[PDB]
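Single chain ahead, written as structure tokens, the form deposited without ligand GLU.
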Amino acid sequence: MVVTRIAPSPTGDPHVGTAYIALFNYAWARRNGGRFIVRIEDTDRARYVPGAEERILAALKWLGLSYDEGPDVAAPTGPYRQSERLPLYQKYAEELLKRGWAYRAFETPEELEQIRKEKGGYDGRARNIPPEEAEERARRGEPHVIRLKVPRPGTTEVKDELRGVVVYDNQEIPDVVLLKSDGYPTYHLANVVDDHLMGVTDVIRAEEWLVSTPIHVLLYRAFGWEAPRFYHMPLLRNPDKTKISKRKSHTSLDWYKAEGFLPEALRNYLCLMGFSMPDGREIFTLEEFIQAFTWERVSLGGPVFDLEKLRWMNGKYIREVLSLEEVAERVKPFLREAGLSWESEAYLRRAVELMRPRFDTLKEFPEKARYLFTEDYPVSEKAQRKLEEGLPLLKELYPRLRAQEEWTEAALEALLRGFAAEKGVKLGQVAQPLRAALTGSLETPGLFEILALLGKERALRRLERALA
């Protein structure tokens, strides 16, 4: 059938580049009613970040991607932690050895540095060791690596399903170490082993590993077994067209989540990174994507991640895709975080309704509608100026408000319009100073809803302090 995967490396914060690839493997897989696996690349006992695996998988769920097999979501094909299958790589490496496709090397790291120094990179000198000698030194527990024995005089054909066939000159292909000294393998060794053993048919990965593919087709050759299809996604870039960097832009998914970004939005944004809907529609769901997916719709340029457009998307989602109920729910965590609290669900909802078009990130909500949840809100100069400037006619109005029985957006609007009229003045002239008295902002939703929402007592009392 069709089997795609993601081999994430638990060596840092959950990367957005990881989501990018994941999103496309999930799509292709689902699009073909095939399987999609998660394989953890944890065979670097040096750059391993403990607690980094959980985060990656949680991050993947957060965006809405479900995988058919993986570390938590078990499966039929062996452990999904590259670390739990070291013995495998072991045997397969030995396999190539006692097969003429690999050889043991013993050069210490420094000698290699020297080898690389005096001459490009390693020169496969270890290829000159008699198998028995190498075998012996190995038996005597002498430290060494197991490098791929590339047929030096030759050429290797690679085929990107998106770019076509890219013939290579073995001269360009090194005898890459497969099994490291510590007995641990390299992406090269474990990817082909696990990809095949797990039955992956389509390898969708970052363009980053394009050039490394000829090593893989070679390995698939040595083991004597069918190569999968290869698709290389273009690398996401920093504003400076360079592949996304942690210090040139936010690459941590935990940051996006923290900054009040909707997973659905980020995911939808991610889709636009290469793929595009026939009808040019920019907003759609995960399923519509897995459904409209076609490699003939994938662009190959390097896309620059635009936080601006992302923000725009998050706002759009908040105001058109999610329901009021949905927003009011997601907004709470940010409320609690900002120290604010809401009186009731009803209150919160209406508060969220009036703000819906005024924030593009959940974080932005408790920020701009703070006065809606606490007495401890700031007062802008412009606001103070507008308040002081209108305090008089405000006093000339307070009694009317301390009187008005029908505390309704409709009613309140009538009184105020009447007021401004009877005072030979333009609405805004009464509305703004009041707005500033109530919110201390001058940048606020409608006056009548603000007036109303708070409630007669609540509203007047506050406006009283302002006039105080």
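Sequential numbering from 1, following the sequence displayed.
Same protein, other form: the form solved in complex with ligand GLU, not shown, and the subject of what follows.
Trainee: Looking at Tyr371, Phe293, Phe223, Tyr187 here, can you tell me which has any non-hydrogen atom within 4.5 angstroms of ligand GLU in the bound PDB entry?
Mentor: Checked against the cut-off, the match is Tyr187.
Trainee: Can you pick the one in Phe106, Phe275, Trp209, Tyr347 that has a heavy atom within 4.5 Å of ligand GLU in the bound PDB entry?
Mentor: The residue in contact is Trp209.
Trainee: Within 4.5 Å of ligand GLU in the bound PDB entry, counting heavy atoms only, one of 84 to 92, 201 to 209, 281 to 289, 375 to 383 shows up; tell me which.
Mentor: This holds for exactly one stretch, 201 to 209.
Trainee: Indicate whether ligand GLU has at least one heavy atom within 4.5 Å of a heavy atom of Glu409 in the bound PDB entry.
Mentor: Output for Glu409 is no: heavy atoms all beyond 4.5 Å of ligand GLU.
Trainee: Mark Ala7 yes when one of its heavy atoms lies within 4.5 Å of a heavy atom of ligand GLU in the bound PDB entry, and no otherwise.
Mentor: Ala7: yes, in contact with ligand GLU in the bound PDB entry.
Trainee: Contact with ligand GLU in the bound PDB entry for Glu41, defined as at least one heavy atom pair within 4.5 Å: yes or no?
Mentor: Result yes; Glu41 sits at the interface with ligand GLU in the bound PDB entry.
Trainee: Contact between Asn268 and ligand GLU in the bound PDB entry at 4.5 Å, heavy atoms?
Mentor: No - in the bound PDB entry, heavy atoms of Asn268 and ligand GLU never come within 4.5 Å of each other.
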